[PDB]
Every structure is written in C-alpha cells, then in structure tokens.
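A.B. asks: Just passing along the structure, written as structure tokens.
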Amino acid sequence: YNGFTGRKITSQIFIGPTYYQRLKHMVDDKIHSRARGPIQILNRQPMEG
Amino acid sequence: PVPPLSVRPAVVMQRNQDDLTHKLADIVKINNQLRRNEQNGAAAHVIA
RNA sequence: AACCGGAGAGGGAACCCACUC
C-alpha cells in the first residue's frame, strides 16, 4: 500500500528478509572543505589531506 | 652557484638539513681540502 | 580603591592497505 495516499500499488512488490552489512565508509569521515587554511613550507601552496 | 635558504629549507622538528644542503657541505669541504692541499703539498697525485 | 590579555607549533621522506573508476 502506498504510504502517503493509502492506495494499493498497481504492481506487486518483491519483499523479504535479506542479510545486509554496514561498511566502514561513513560520510562524516569524508566530508571536508577549505578556505585559506594552512600552507606548505617549500612551495607556498595549500597542504594535502 | 649555491641557492638561497628558500630553495633548501631546513625542518625544525623530527634541525635536519635538506638533502641539497648536505651535498653543498660535501662540495665545500672537499673544495677547502683541495685548495689547501694544492696550496702547500702540491703532490700532483692527490690533486687528481 | 582602582585595571588586569592571549597566543602560533607539527615538516619531509619511504612503505603498506583501501576507495572511485
């Protein structure tokens, strides 16, 4: 049944229990930005990482 | 020519000199040896 | 009865693992 309207979906849905895994690649461990932070010492370009 | 300190900076904490500074040191050290050696000893073999 | 702030240090080399194709 549609969750918003309540009308039953015209097609039939394949459903059942399956074993899922959560991988370690979270998003809070990847998001970052920069706006004039630290600078290298040899050539005065922004750091890496 | 020997470059300035910007070309061959020295790190503060692990002063550890640049790979270029050590080569500069070898150059100047052997230069003094040869200079002095040919100044007095002039042995014509160690000069080679 | 009488002033009372304030910074500055972390760099490089090498290796390994992993990710998106």
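Chain lettering (A, B, ...) mirrors the order of the structure tokens, residue numbering begins at 1 for each chain separately, and ligand numbering begins at 1 in order of display.
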Determine which residues of chain B sit within 10 Å of chain C, taking into account only C-alpha atoms (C1' of nucleotides), and present them as a ChimeraX atom specification.
C.D. replies: /B:9-14,16,18
A.B. asks: Give me, as a ChimeraX atom specification, the contact residues of chain B against chain A at a cut-off of 9 Å, counting only C-alpha atoms.
C.D. replies: /B:6-9
A.B. asks: Check every residue of chain A for an atom within 12 Å of chain C, counting only C-alpha atoms (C1' of nucleotides), and provide those that qualify as a ChimeraX atom specification.
C.D. replies: /A:23-25,30,38-42,47
A.B. asks: Mind listing the alpha helix (DSSP H) residues of chain B, per DSSP on the backbone, as a PDB file with N, CA, C and O atoms, in the first residue's frame?
C.D. replies:
```
ATOM      1  N   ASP B  19      68.424  17.601   1.838  1.00  0.00           N
ATOM      2  CA  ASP B  19      69.265  16.737   1.021  1.00  0.00           C
ATOM      3  C   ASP B  19      70.229  17.563   0.153  1.00  0.00           C
ATOM      4  O   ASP B  19      71.356  17.139  -0.093  1.00  0.00           O
ATOM      5  N   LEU B  20      69.862  18.786  -0.245  1.00  0.00           N
ATOM      6  CA  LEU B  20      70.761  19.622  -1.025  1.00  0.00           C
ATOM      7  C   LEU B  20      71.835  20.262  -0.158  1.00  0.00           C
ATOM      8  O   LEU B  20      72.964  20.452  -0.619  1.00  0.00           O
ATOM      9  N   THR B  21      71.512  20.593   1.095  1.00  0.00           N
ATOM     10  CA  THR B  21      72.494  21.227   1.968  1.00  0.00           C
ATOM     11  C   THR B  21      73.639  20.279   2.298  1.00  0.00           C
ATOM     12  O   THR B  21      74.798  20.703   2.373  1.00  0.00           O
ATOM     13  N   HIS B  22      73.344  18.993   2.491  1.00  0.00           N
ATOM     14  CA  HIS B  22      74.411  18.034   2.759  1.00  0.00           C
ATOM     15  C   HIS B  22      75.340  17.912   1.569  1.00  0.00           C
ATOM     16  O   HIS B  22      76.560  17.809   1.727  1.00  0.00           O
ATOM     17  N   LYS B  23      74.786  17.916   0.359  1.00  0.00           N
ATOM     18  CA  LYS B  23      75.631  17.886  -0.825  1.00  0.00           C
ATOM     19  C   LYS B  23      76.457  19.161  -0.926  1.00  0.00           C
ATOM     20  O   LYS B  23      77.624  19.120  -1.332  1.00  0.00           O
ATOM     21  N   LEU B  24      75.874  20.320  -0.606  1.00  0.00           N
ATOM     22  CA  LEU B  24      76.635  21.566  -0.554  1.00  0.00           C
ATOM     23  C   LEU B  24      77.782  21.400   0.431  1.00  0.00           C
ATOM     24  O   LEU B  24      78.893  21.763   0.075  1.00  0.00           O
ATOM     25  N   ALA B  25      77.554  20.815   1.612  1.00  0.00           N
ATOM     26  CA  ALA B  25      78.609  20.652   2.606  1.00  0.00           C
ATOM     27  C   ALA B  25      79.745  19.789   2.080  1.00  0.00           C
ATOM     28  O   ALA B  25      80.921  20.124   2.261  1.00  0.00           O
ATOM     29  N   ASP B  26      79.424  18.680   1.423  1.00  0.00           N
ATOM     30  CA  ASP B  26      80.474  17.861   0.833  1.00  0.00           C
ATOM     31  C   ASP B  26      81.271  18.655  -0.189  1.00  0.00           C
ATOM     32  O   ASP B  26      82.500  18.554  -0.240  1.00  0.00           O
ATOM     33  N   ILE B  27      80.591  19.442  -1.022  1.00  0.00           N
ATOM     34  CA  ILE B  27      81.283  20.218  -2.046  1.00  0.00           C
ATOM     35  C   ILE B  27      82.268  21.186  -1.409  1.00  0.00           C
ATOM     36  O   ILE B  27      83.448  21.236  -1.777  1.00  0.00           O
ATOM     37  N   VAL B  28      81.804  21.973  -0.438  1.00  0.00           N
ATOM     38  CA  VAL B  28      82.661  23.000   0.148  1.00  0.00           C
ATOM     39  C   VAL B  28      83.781  22.365   0.957  1.00  0.00           C
ATOM     40  O   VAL B  28      84.912  22.861   0.970  1.00  0.00           O
ATOM     41  N   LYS B  29      83.490  21.263   1.643  1.00  0.00           N
ATOM     42  CA  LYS B  29      84.515  20.596   2.434  1.00  0.00           C
ATOM     43  C   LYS B  29      85.650  20.089   1.553  1.00  0.00           C
ATOM     44  O   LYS B  29      86.827  20.332   1.840  1.00  0.00           O
ATOM     45  N   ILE B  30      85.317  19.389   0.470  1.00  0.00           N
ATOM     46  CA  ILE B  30      86.364  18.883  -0.412  1.00  0.00           C
ATOM     47  C   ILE B  30      87.044  20.026  -1.145  1.00  0.00           C
ATOM     48  O   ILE B  30      88.219  19.925  -1.511  1.00  0.00           O
ATOM     49  N   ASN B  31      86.323  21.118  -1.392  1.00  0.00           N
ATOM     50  CA  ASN B  31      86.943  22.280  -2.022  1.00  0.00           C
ATOM     51  C   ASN B  31      88.035  22.860  -1.136  1.00  0.00           C
ATOM     52  O   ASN B  31      89.130  23.178  -1.611  1.00  0.00           O
ATOM     53  N   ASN B  32      87.758  23.003   0.159  1.00  0.00           N
ATOM     54  CA  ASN B  32      88.781  23.504   1.067  1.00  0.00           C
ATOM     55  C   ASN B  32      89.971  22.561   1.119  1.00  0.00           C
ATOM     56  O   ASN B  32      91.126  23.002   1.097  1.00  0.00           O
ATOM     57  N   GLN B  33      89.711  21.256   1.176  1.00  0.00           N
ATOM     58  CA  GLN B  33      90.801  20.290   1.201  1.00  0.00           C
ATOM     59  C   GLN B  33      91.684  20.436  -0.029  1.00  0.00           C
ATOM     60  O   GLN B  33      92.911  20.540   0.079  1.00  0.00           O
ATOM     61  N   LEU B  34      91.076  20.451  -1.214  1.00  0.00           N
ATOM     62  CA  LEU B  34      91.860  20.593  -2.433  1.00  0.00           C
ATOM     63  C   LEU B  34      92.569  21.940  -2.480  1.00  0.00           C
ATOM     64  O   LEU B  34      93.715  22.031  -2.932  1.00  0.00           O
ATOM     65  N   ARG B  35      91.899  23.000  -2.029  1.00  0.00           N
ATOM     66  CA  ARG B  35      92.513  24.321  -2.061  1.00  0.00           C
ATOM     67  C   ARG B  35      93.806  24.349  -1.256  1.00  0.00           C
ATOM     68  O   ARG B  35      94.858  24.749  -1.763  1.00  0.00           O
ATOM     69  N   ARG B  36      93.708  23.927   0.002  1.00  0.00           N
ATOM     70  CA  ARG B  36      94.824  23.876   0.943  1.00  0.00           C
ATOM     71  C   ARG B  36      95.891  22.906   0.452  1.00  0.00           C
ATOM     72  O   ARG B  36      97.072  23.219   0.505  1.00  0.00           O
ATOM     73  N   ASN B  37      95.487  21.758  -0.070  1.00  0.00           N
ATOM     74  CA  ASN B  37      96.395  20.692  -0.475  1.00  0.00           C
ATOM     75  C   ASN B  37      97.254  21.116  -1.657  1.00  0.00           C
ATOM     76  O   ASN B  37      98.467  20.885  -1.672  1.00  0.00           O
ATOM     77  N   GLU B  38      96.642  21.737  -2.659  1.00  0.00           N
ATOM     78  CA  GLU B  38      97.401  22.265  -3.782  1.00  0.00           C
ATOM     79  C   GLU B  38      98.110  23.564  -3.438  1.00  0.00           C
ATOM     80  O   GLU B  38      99.031  23.963  -4.158  1.00  0.00           O
ATOM     81  N   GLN B  39      97.702  24.232  -2.357  1.00  0.00           N
ATOM     82  CA  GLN B  39      98.409  25.432  -1.928  1.00  0.00           C
ATOM     83  C   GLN B  39      99.794  25.106  -1.385  1.00  0.00           C
ATOM     84  O   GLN B  39     100.769  25.786  -1.717  1.00  0.00           O
ATOM     85  N   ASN B  40      99.907  24.092  -0.513  1.00  0.00           N
ATOM     86  CA  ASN B  40     101.187  23.699   0.084  1.00  0.00           C
ATOM     87  C   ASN B  40     101.750  22.386  -0.484  1.00  0.00           C
ATOM     88  O   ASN B  40     102.869  22.367  -0.983  1.00  0.00           O
TER      89      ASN B  40
END
```
A.B. asks: Can you measure CA of residue 2 (chain B) to CA of residue 15 (chain B) for me? One decimal in Å is fine.
C.D. replies: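 Here the two named atoms are 19.6 Å from each other.
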A.B. asks: Please compute the CA of residue 4 (chain B)-CA of residue 17 (chain B) distance, one decimal, in Å.
C.D. replies: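 Interatomic distance here is 13.2 Å.
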A.B. asks: May I ask for the distance between CA of residue 13 (chain A) and CA of residue 1 (chain A), given in Å to one decimal place?
C.D. replies: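 Between CA of residue 13 (chain A) and CA of residue 1 (chain A) the gap is 9.9 Å.
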